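Note sheet for the following structure.
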Amino acid sequence: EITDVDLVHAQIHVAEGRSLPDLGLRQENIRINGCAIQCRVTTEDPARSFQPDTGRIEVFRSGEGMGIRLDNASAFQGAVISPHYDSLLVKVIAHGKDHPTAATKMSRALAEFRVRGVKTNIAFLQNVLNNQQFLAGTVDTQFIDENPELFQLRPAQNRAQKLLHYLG
Amino acid sequence: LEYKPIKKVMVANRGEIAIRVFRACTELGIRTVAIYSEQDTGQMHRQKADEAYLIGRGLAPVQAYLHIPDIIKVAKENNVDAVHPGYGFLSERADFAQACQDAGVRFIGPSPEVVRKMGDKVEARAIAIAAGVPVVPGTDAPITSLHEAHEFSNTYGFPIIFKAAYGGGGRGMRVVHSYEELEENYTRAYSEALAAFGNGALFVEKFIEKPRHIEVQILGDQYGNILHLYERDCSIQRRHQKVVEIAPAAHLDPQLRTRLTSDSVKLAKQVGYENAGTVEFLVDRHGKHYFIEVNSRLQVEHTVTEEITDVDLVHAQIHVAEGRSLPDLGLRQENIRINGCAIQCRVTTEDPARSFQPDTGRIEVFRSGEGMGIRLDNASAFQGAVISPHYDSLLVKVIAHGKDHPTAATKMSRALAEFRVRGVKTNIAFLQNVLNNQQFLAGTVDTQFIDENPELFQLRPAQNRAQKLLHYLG
Amino acid sequence: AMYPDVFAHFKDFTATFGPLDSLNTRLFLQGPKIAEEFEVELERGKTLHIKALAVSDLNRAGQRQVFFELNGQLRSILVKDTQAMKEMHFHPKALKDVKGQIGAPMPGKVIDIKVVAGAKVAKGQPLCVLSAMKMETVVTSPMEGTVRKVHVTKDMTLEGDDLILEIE
Amino acid sequence: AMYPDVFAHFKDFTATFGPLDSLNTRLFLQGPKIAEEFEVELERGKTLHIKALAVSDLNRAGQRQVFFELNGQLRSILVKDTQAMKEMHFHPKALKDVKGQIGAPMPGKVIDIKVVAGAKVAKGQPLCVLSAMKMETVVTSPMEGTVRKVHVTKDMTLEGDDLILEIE
Ligand SMILES: CC(=O)SCCNC(=O)CCNC(=O)[C@H](O)C(C)(C)COP(=O)(O)OP(=O)(O)OC[C@H]1O[C@@H](n2cnc3c(N)ncnc32)[C@H](O)[C@@H]1OP(=O)(O)O
Ligand SMILES: CC(=O)SCCNC(=O)CCNC(=O)[C@H](O)C(C)(C)COP(=O)(O)OP(=O)(O)OC[C@H]1O[C@@H](n2cnc3c(N)ncnc32)[C@H](O)[C@@H]1OP(=O)(O)O
Ligand SMILES: Nc1ncnc2c1ncn2[C@@H]1O[C@H](COP(=O)(O)OP(=O)(O)OP(=O)(O)O)[C@@H](O)[C@H]1O
């Protein structure tokens, strides 16, 4: 998205045999445009041990805005997640003109998502995006190791769903 | 210089525009208050807002959103700070803005005086001539005399258009070619204008052979700083209602686009505009433009310009509403650039075969077609949705972005093919035929392009065995 | 040429219910049993799996709703019951064969009727108002005829192409 | 302090089934009726509508499914039917509170068991081999004891915390 060059198209074209100059691709022709952030939405309990969780999805919803690109892999209403394969639900990408703007857009998009029935890890990513040092720009590899507050701090109301259970 | 933070905002519309405003406000940490009518209770706009209240209890469904006192009473009670009118329902009404100003609630947009100045057509006519760009020759005063029509047909030219004032319907728009046709056209147009509407202020103006109109987007703040975004193209014109829009100028000389920029900025500064502005032009084959009108609200096709420059319009609207000047937001002429091309299409429950007659029913299966350069604005589309026979018929607003026009067309074609909306009739096939036409990819398109292509209506059929097999099983 | 009537009938069935002779014999004769998942082959690549969920009850005029679990998603359909009550107490549909018969081209509700029962109607004269999206149509009478009783009555819920006026 | 037992009981009821007293009298004691719209006032801010669509049939070990639609969307809920309680499904439940019962913290399939019943075993030694999505899990013996009788042997599916071995 920064380069706005489709990689799979170029891959297929170079598999055909066409050279790069014919495709119109030169190292002097591409340039940087904005910033982007990617987050992987899984079914891992972000409290116990990041242990995978399995079940049935009862509520699914999506959020699409100005700078939100969505890649729905296996997330839909009434879907069953299997314990045999990877545990990826949706790959969400946010694009903006600056790092804080993209981060705020991604936070809004994550808040707009709604996944009920299978416990997941939106809250942990929300805490990550709400950190001031993360928004500052510089992070290290030991960043998660030296901040044991992201795991513990988790807001969870989960109200409306319980009401349906009682009526049934 | 003057700053008054906004705590919450209430929107006075419905559909996709309300969703867009809600997202923009939530991105800024602002509470949201929503309104809805009794009939429109299953819509998705009232579910993405923190607050929802009922309005127009006993009123008619279409005019429930038109009751100013009820909206004012609701806004005043819940400690609302500002209101976003949106488009279509109450953007043009000057009384609503005055009422909002009277109750201490902020109104996002231009001042009521400017809206009234836009108002009818004669004032815009006069403002164009006094300080502004040239305008198409025509009669300033309304026409009600046979002698007037005969004389102005004698003077300028034979092909003339009848235009109806004090009305938004395209019913008052007939064409004249000859004297014999002129008399009967005048008779029927005058009769229908006086019958369907009130005052029959008909207008006489010369027709332009292959018209091609350009929309320029205008942004301005409260300190006399005006920033134009860039031009637009919507030459795809079914009869007079837009269907498809292209952001970059297809084949326009740089001098002409610079001239349009200068003229639009001059016109905006002369009046003293205050918010999202939109100036509409009309250019001839020889390279001569003619002013038409000025829109005082934020247009539907704003999203397309929103992607070429990557500038959020609602953010700027709210920031101006607080009172921040544009330079503090880092928005200047030098920092705005073109990057890529975009195409706009609207999915509507209209039947392109018979007469584009709208269709009503229940959606049985829905699927999305998001991809690489695809942006989606879902107004109301979901399993088991019901389409109202009395409100607008917009299903999904689909936007495709690419590095070049053919690439964007291909992306849009693949995205439209991925969408599967069975059971509710739709106009996808007509859009695909339009996208596949070689003239569209050529770049040059005129207004009568759809009028001269009766073969554009291929009307593709579908085996649709999937839903036909279930009907038997059921 | 061999069988004119039978040809037309078989063409209509396969255009309304789709391609037959691709199901199971018990599936074609008896139908899918509830809570049992089967499979239908359509083409060399088109393979489908269908599961029946539940059958609802008559809502307002002998229409049931059946929830089908095609593949991984759900599909709601409406089917017209016949063994239920079939006495017609609703507004009858206009007849398309008679062009003199008057039917609404578009769905809507009549707000007012220009002609009270017992008045002459000429060609090109407004009769009633039908509610489209944002557009209004008045019906023009193809032939001059005497009106006795308004079948559409006044200010009642109605759908498209229904008898509003009939001339005997 | 005054009524500890019933306070603890009440605290858990209003959690599993969500908040109450915001419902109608019919909803609280009788419950909803099929094919009739009712209203629930949640808070001053928001307010939401429900229809009850249909109720499915019993499928697997007493888990009936009911179809609800929330305002503007369709929903599905699985409710445990507690009225049957006649069949013996075996599948012993290993409570974590009881040390004797041994359960699997993660549901899956048992790969191998290295311990035979009623035999000499070591302290803190590998006893079973467990399979994960893409990892190998090795269980360590928590304490030293004797297993009396094992019911579930091998090559069968177990869910989380199920009794296969009982330690003494
Ligand atoms: C427009 C944007 O992009 S901003 C999107 C981000 N903010 C929102 O979504 C605001 C709406 N609020 C909510 O959905 C919830 O209250 C949250 C997100 C704040 C979390 O609250 P929770 O404890 O999870 O749920 P709560 O007990 O409040 O019940 C929520 C339910 O009430 C109903 N509801 C929510 N908002 C409304 C509303 N404005 N009007 C009517 N009913 C509503 C829905 O049935 C909702 O179910 P959902 O979770 O599938 O949406
Ligand atoms: C990956 C991309 O982005 S490319 C997307 C564009 N192309 C496709 O979608 C290819 C799939 N093809 C189709 O869906 C249809 O055959 C179309 C689009 C060609 C149109 O055919 P139609 O006459 O409308 O339908 P047809 O009678 O073939 O039945 C289609 C049904 O068969 C089933 N079906 C379609 N493709 C497959 C498949 N590969 N495997 C199994 N079942 C399938 C589905 O139930 C489908 O219902 P849907 O219309 O909701 O998808
Ligand atoms: N002189 C003209 N020559 C050619 N086309 C014209 C002329 N004047 C108007 N049109 C057509 O009408 C369009 C402008 O419509 P108008 O200025 O009346 O705005 P509107 O309020 O959107 O119209 P309507 O009342 O039909 O909804 C042009 O884009 C063109 O299609």
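Going by Swiss-Prot, the residues shown for chain D are 1011-1178, listed in order.
From the backbone N, Cα and C atoms, a Cβ is placed for every residue, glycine too.
Among D:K1043, D:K1090, D:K1103, D:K1133, the residue that Swiss-Prot annotates as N6-acetyllysine is D:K1090.
Of the candidates D:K1021, D:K1144, Swiss-Prot records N6-biotinyllysine for D:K1144; the remaining residues carry no such annotation there, which does not rule it out for them. According to DSSP, the secondary structure content of the domain 'Biotinyl-binding' (D:1109-1178) in residues is 0 helix, 24 strand, 46 coil. A straight line from the CA of D:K1061 (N6-acetyllysine) to the CA of D:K1090 (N6-acetyllysine) spans 21 Å.
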